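Quick note on labels: first sequence line is chain A, next is B, and so on, each numbered from 1. We use all heavy atoms of the structure for the numbers below, so side chains are in, but hydrogens, waters and symmetry mates are not.
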There are 2 protein chains.
Amino acid sequence: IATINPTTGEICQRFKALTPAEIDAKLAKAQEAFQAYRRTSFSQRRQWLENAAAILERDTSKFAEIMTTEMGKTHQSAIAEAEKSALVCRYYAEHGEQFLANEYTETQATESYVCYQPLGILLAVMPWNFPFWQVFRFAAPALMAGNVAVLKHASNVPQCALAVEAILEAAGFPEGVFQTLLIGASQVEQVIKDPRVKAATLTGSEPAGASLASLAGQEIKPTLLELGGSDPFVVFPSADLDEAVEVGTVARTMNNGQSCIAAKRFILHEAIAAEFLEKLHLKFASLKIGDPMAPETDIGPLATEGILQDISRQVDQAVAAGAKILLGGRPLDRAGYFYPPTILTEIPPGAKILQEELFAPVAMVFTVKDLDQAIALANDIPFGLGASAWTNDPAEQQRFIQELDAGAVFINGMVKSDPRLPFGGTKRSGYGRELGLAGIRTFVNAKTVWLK
Amino acid sequence: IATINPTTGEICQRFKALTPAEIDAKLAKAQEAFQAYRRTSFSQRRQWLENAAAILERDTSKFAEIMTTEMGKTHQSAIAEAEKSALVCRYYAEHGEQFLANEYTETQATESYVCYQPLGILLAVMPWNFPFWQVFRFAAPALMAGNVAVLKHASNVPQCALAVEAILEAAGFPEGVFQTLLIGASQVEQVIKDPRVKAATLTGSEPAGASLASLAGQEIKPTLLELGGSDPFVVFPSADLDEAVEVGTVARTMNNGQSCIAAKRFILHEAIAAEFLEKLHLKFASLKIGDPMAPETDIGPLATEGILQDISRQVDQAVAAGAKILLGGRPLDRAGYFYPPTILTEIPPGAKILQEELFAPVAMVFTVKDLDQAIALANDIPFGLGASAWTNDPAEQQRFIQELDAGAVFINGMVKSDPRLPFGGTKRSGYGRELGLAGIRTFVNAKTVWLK
Ligand SMILES: *[C@@H]1C=CN([C@@H]2O[C@H](COP(=O)(O)OP(=O)(O)OC[C@H]3O[C@@H](n4cnc5c(N)ncnc54)[C@H](OP(=O)(O)O)[C@@H]3O)[C@@H](O)[C@H]2O)C=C1C(N)=O
Ligand SMILES: *[C@@H]1C=CN([C@@H]2O[C@H](COP(=O)(O)OP(=O)(O)OC[C@H]3O[C@@H](n4cnc5c(N)ncnc54)[C@H](OP(=O)(O)O)[C@@H]3O)[C@@H](O)[C@H]2O)C=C1C(N)=O
């Protein structure tokens, strides 16, 4: 557990992991806090949540600097992330009570309804790629619902993890309602197996999700998994090509490519493929790579040496198999974990890369001849998180919406998360939904009540 | 896999388990069937579901005889079970389309909404205690939603399992949309690990649920677990005592005691405990034990020799520890797996039985002094399925509703399932909800759509 600046490779600060006894003490405190917190009014929870939003809104640049220092996303995009974190806090402050109101169903009972009550301690395991937003995405509805939470954040963002707890303390949430656990992956099993822990949510890779979900399953505890994707970005002949190129470039390269809903596989109708690809090539080549603290920077370093090694290998093996590099395709010879925007074409059938997530600014490009071929190729992956399709033909739009095997389909725009709309995967991308109504309904006891 | 009549102990018919190759073939057919079935209209699904209801409504006595023969519940209660099976078919026929309609949310999109689409093949693992109802509980919404299903039923109800498939075939559901798998517990892992199987649901005991959920978690597949309970039946001084005794007797002894939402622990306020307990004793004492095919029978045999052995041991060990037998407490000296209505009192603190499910007509009785003590004792179990409380004081009613740790709280009535209201557990009783809106929302892709 350490801050290692990916721009310089320098070790900035190390942290001692909690011991099992310390983890136990935190869970005992969470349980005690829950017994009181479940009795708080929505007005109190709303006040504290809105206070947290105001803290995020005031000190956006400072929080952004922590994110950038630890994991290398641009400071400007980290500012946006802090702003979006405030937004989801406000969303559940504004809607959470209504979303949890009794729902009455007419029967022969004098009263029959479902009410919604918190479960207790929720474990959250989170990744470094959106180190504030993913935490607030689960924490805002958890806290509004009256759950308490323990967070196991990624081992390379301890300062972000501590900052989130500090924000919630300063906002006024009682001690034990939210606790950051500075612990490694091997220490999570103790938490899942603790009788006081009632549920678990993980955003991350498949092996992490499989580990957490298998353990939780053994303990009869509900889970939600938000895993990776290889989202298609489909461009058809009636599309606004210049908009599609611009937006596609952002979709692939934002967050230095490290997003679950990045545009990863560009699927181009043959009628427009040559024009699109040339423009894509030019746009990618103009991106500014460098110090993520500089406001002009488009592409900072990848977050870790491991990610750099992995993408470098994935690309090298694809090229060895016969894939062509249109742009990029090799790590930069400079300090920090830098990998350039890359475009791969003519990838051989059966190449392993076709089935993998490229968690870096590396676009795979394909050409197709018709709608059926586009949909088949789009779905020919183990994942099913998001999908974007570009067309102004209403019949095509409807087929894309209906037939793309994903948790989200965006027509003529890049996939984005928005607190107003539920968000989650299908297939190997996970199950369950965050945000919207779903986010606050996942980890509550929907209690049926019948009164004679 | 066999029909063994629990009234006589006679082995009536044996069945060959499917081989792994045969299971694979059924999954291949389910996948092909799903590809077409997902394209059917709600009108077709509704027709087939309503046809299934009409079949159940016409031949209720015949289906009931199969249930009674295989697992020993009274023929009269099996008729009611067939009727309730028809009811949940009609519920989803009548509401399913509306329940799955697009839900629009205003954004800057021209259109933004959530739509609901089937996942694919759902595995269901079901128990012998309600061999028709629990199947239709999951199958009706699955089929209305456009999923297909494979059923692994309990090994002692193969004729029930085959009958459910035959009903659905006769109703018009296309081949492969629903398939009964005559397979043992060891064969379920293959099904969960098959890439075509997208989700799994289990109703049963904790070890079964832990096995299925841990395996599904490893495969990144969503689950729903409906497990056992030790539901409290709390009786306070303002209760209608005679009604509470009558209803409590039904709640403990229906289905020969073998219900997840049986009243298992009677928690009596000291002011009324003597009167209530005497009346409960009297009611249990005069229940008619005998051939479950006879309409006058209240109590048939327990379903299996294993259940009989288990309850006999649980009671014996409790008594050896110091518990008192007010009534019953030993197997009957006759053919078939008969165990009599039993009441245990004065159970020593720390006796293991206090924490166990009594899946037989055996009531544990406790006395308490006030509301706080009643709630504490009611919740002092690993389970949390249902809870019933009897009082006509509004303040007490509200505290019971709010503070009983269960998925369902019934005031002045016994806990029952009803298609109109969601149903499920908390704590070690499971997670997820069947019935109501919840039942048809569990295993669908909630797909967010955003159209510029
Ligand atoms: C949208 C945004 C992101 N994602 C998807 O997440 C992954 C990110 O990849 P990576 O950072 O490499 O994930 P990871 O799984 O290694 O780590 C994530 C967290 O899980 C912990 N962890 C790893 N392994 C385990 C085990 N076995 N048990 C418990 N916890 C584990 C990690 O801990 P450390 O190793 O850092 O200590 C970390 O906390 C991409 O696939 C991305 O697409 C999902 C999104 C969405 N759907 O919302
Ligand atoms: C309302 C009604 C019932 N219940 C709860 O269910 C159990 C019933 O007890 P029992 O019949 O003894 O359950 P079981 O778990 O042994 O068997 C149930 C099904 O699961 C299969 N099975 C057992 N073990 C496994 C494993 N390891 N893997 C997969 N499948 C398994 C059984 O198969 P067979 O052994 O018969 O072949 C069977 O299909 C009580 O606790 C009751 O309260 C839940 C209800 C509710 N919440 O809705």
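Between chain A and the residues B:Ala408, B:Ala199, B:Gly386, the most heavy-atom pairs under 4.5 angstrom are made by B:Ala408. Of the listed residues B:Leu119, B:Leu224, B:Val409, the one with more heavy-atom pairs under 4.5 angstrom with chain A than any other is B:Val409. If you tally non-hydrogen atom pairs under 4.5 Å between each of A:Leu215, A:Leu227, A:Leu225, A:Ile401 and chain B, the highest count goes to A:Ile401. The most heavy-atom pairs under 4.5 Å with chain B, out of A:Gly430, A:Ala446, A:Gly209, A:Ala213, come from A:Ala446.
The part of B:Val114 that comes within reach of chain A is its side chain, from C-beta onward, which places non-hydrogen atoms under 4.5 angstrom from that chain. With a threshold of 4.5 angstrom between heavy atoms, B:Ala406 approaches chain A through N, CA, C or O but not through any side-chain atom.
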Which atom pairs, one donor and one acceptor, sit under 3.5 Å between chain B and chain A?
| from | atom 1 | to | atom 2 | distance (Å) |
| --- | --- | --- | --- | --- |
| B:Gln117 | NE2 | A:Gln402 | O | 3.0 |
| B:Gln117 | NE2 | A:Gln402 | OE1 | 3.3 |
| B:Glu219 | OE1 | A:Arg428 | NH2 | 3.0 |
| B:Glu243 | OE1 | A:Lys452 | NZ | 2.9 |
| B:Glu243 | OE2 | A:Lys452 | NZ | 2.8 |
| B:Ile401 | O | A:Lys447 | NZ | 2.8 |
| B:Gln402 | O | A:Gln117 | NE2 | 3.0 |
| B:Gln402 | O | A:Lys447 | NZ | 3.4 |
| B:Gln402 | OE1 | A:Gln117 | NE2 | 3.2 |
| B:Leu404 | O | A:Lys447 | NZ | 2.8 |
| B:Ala406 | O | A:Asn445 | ND2 | 3.0 |
| B:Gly407 | O | A:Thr448 | N | 2.9 |
| B:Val409 | N | A:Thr448 | O | 2.9 |
| B:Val409 | O | A:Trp450 | N | 3.1 |
| B:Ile411 | N | A:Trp450 | O | 2.8 |
| B:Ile411 | O | A:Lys452 | N | 3.1 |
| B:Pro422 | O | A:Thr448 | OG1 | 2.8 |
| B:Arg428 | NH2 | A:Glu219 | OE1 | 3.0 |
| B:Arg433 | NE | A:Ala446 | O | 2.9 |
| B:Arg433 | NH2 | A:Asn445 | OD1 | 2.8 |
| B:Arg433 | NH2 | A:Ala446 | O | 3.2 |
| B:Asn445 | OD1 | A:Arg433 | NH2 | 2.8 |
| B:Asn445 | ND2 | A:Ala406 | O | 3.0 |
| B:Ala446 | O | A:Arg433 | NE | 2.9 |
| B:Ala446 | O | A:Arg433 | NH2 | 3.2 |
| B:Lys447 | NZ | A:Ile401 | O | 2.8 |
| B:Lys447 | NZ | A:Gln402 | O | 3.4 |
| B:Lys447 | NZ | A:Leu404 | O | 2.8 |
| B:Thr448 | N | A:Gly407 | O | 2.9 |
| B:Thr448 | O | A:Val409 | N | 2.8 |
| B:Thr448 | OG1 | A:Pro422 | O | 2.8 |
| B:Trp450 | N | A:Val409 | O | 3.0 |
| B:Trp450 | O | A:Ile411 | N | 2.8 |
| B:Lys452 | N | A:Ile411 | O | 3.1 |
| B:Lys452 | NZ | A:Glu243 | OE1 | 3.1 |
| B:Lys452 | NZ | A:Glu243 | OE2 | 3.1 |

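Scored by the ring-ring contact (aromatic ring centres under 6.0 Å, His included) test, A:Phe236 finds A:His269, A:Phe400 as partners (sequence neighbours excluded).
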